[PDB]
Amino acid sequence: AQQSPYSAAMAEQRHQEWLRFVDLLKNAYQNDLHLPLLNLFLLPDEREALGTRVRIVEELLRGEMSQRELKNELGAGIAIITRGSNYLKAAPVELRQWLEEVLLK
Amino acid sequence: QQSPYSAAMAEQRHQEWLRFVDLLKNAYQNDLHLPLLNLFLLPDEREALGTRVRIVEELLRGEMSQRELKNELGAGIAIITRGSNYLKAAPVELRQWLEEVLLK
Ligand SMILES: N#CCc1c[nH]c2ccccc12
Ligand SMILES: N#CCc1c[nH]c2ccccc12
């Protein structure tokens with residue numbers, strides 16, 4: 001096994017719990033309950049962070065905004081730009097290509 | 001007190017949030033939601049969402065005690081108070097649906 005039984009048992013529980021949330025939200029979208037579901041489960045600052053992270057990813061893909069514009073307009077300093085860029089690189093290419101189609105056109 | 005400056009900022013934040021919500025909606029339609037959520041949420045944030053579902057479930061079920069909520073879910077009294085408030089503030093259609101699906 002990759003992990004010792006204690007760590008593996010914790011990870012399996014967290015994994016099932018994550019998928020339960022993912023499925024709940026999937027069905028909420030189908031029922032047009034997604035907005036109140038997300039308001040329940042995400043704090044206001046967490047919702048704002050998600051909105052801002054979308055802009056950071058958009059601007060990283062677009063390539064036009066400078067480092068200082070990213071910091072002054074979106075709060076993204078050097079470390080945030082580096083982390084977000086790393087997360088983008090780690091994503092499947094299929095997702096990156098879809099994000100380019102949605103977010104940039 | 002809301003000013004035109006603060007209102008303009010709040011409306012932009014609102015639109016930015018709705019843009020994320022729409023992006024994720026379409027990702028679910030195209031089976032890209034799992035990698036999208038891994039990109040946009042940090043591991044501890046994803047864990048927090050999974051645990052908050054259990055907190056809401058157990059608050060609705062009404063069986064676990066406060067000590068059991070703290071021990072099993074890490075949810076101490078302040079978290080339970082906040083979560084209970086968020087549940088009570090939810091619209092009736094959501095609370096009714098959560099009762100149906102989480103206590104299935
Ligand atoms: N660091 C950090 C938070 C974070 C998660 N996903 C991101 C995507 C872009 C920028 C920042 C983030
Ligand atoms: N406090 C806090 C985080 C939080 C947001 N939504 C919740 C629902 C239930 C418990 C906790 C939370």
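Naming: A, B, ... by sequence-line order, numbering from 1 per chain. Values below: every heavy atom of this structure, side chains too, minus hydrogens, waters and symmetry copies.
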* What are the two closest heavy atoms between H34(A) and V21(B), and how far apart are they? -> CD2-CG1, 3.6 Å

* **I55(B) side chain near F41(A) side chain, heavy-atom distance below 4.5 Å** => no

* Inter-residue atom distance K89(A).NZ - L39(B).CG, 0.5 Å rounding -> 15.0 Å

* Assess whether atom CD of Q12(B) is packed by more than 12 heavy atoms of other residues, nucleotides or ligands within 6.0 Å. => yes

* Do other residues, nucleotides or ligands put more than 12 heavy atoms under 6.0 Å from the CD atom of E101(A)? -> no

* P92(A) versus chain B, heavy atoms under 4.5 Å apart: side chain, backbone, both or neither? -> side chain

* Measure distances from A49(A) to the heavy atoms of chain B and classify the residue's part below 4.5 Å as side chain, backbone, both or neither. => neither

* To do: Under 4.5 Å heavy-atom distance to chain B, tell me which part of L88(A) shows up: side chain, backbone, both or neither.
  => both

* Structure fact -> To the nearest 0.5 Å, atom CD of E58(A) lies from atom CG of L23(B) at 10.0 Å

* Structure fact -> To the nearest 0.5 Å, atom CG of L24(B) lies from atom CG of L50(A) at 9.0 Å

* Structure fact -> Rounded to the nearest 0.5 angstrom, the CD-CZ distance for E17(A) and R46(B) is 13.5 Å

* Checking heavy atoms, do the side chain of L18(B), its backbone, both or neither come under 4.5 Å from chain A? -> side chain

* Would you find more than 12 non-hydrogen atoms of other residues, nucleotides or ligands less than 6.0 Å from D45(A) atom CG? -> no

* **Which atoms of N31(A) approach chain B - backbone, side chain, both or neither, heavy atom under 4.5 Å** => side chain

* Among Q29(B), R13(B), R19(B), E47(B), who wins on heavy-atom pairs under 4.5 Å with chain A? -> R19(B)

* Structure fact -> Whatever's closer than 4.5 Å to a heavy atom in chain A on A27(B) counts as both

* Max heavy-atom pair count under 4.5 Å with chain B, selected residue of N39(A), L38(A), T52(A), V102(A) -> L38(A)

* **Joint cluster assignment, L104(A) & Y87(A), ILVMFWY side-chain distance < 4.5 Å** => yes

* Structure fact -> Rounding to 0.5 Å, atoms CG (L33(A)) and CG (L98(B)) come to a distance of 8.0 Å

* Stepwise, does the side-chain contact (heavy atoms from CB on, under 4.5 Å) test hold for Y28(B) with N27(A)? -> CA-CA 10 Å; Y28(B) 272 109; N27(A) 291 325; over 6 Å; no

* Verify same cluster id: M9(B), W17(B) (apolar side-chain graph, 4.5 Å) -> no

* Report, as yes or no, whether the 6.0 Å neighbourhood of atom CD on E45(B) holds more than 12 heavy atoms from other residues, nucleotides or ligands. => yes

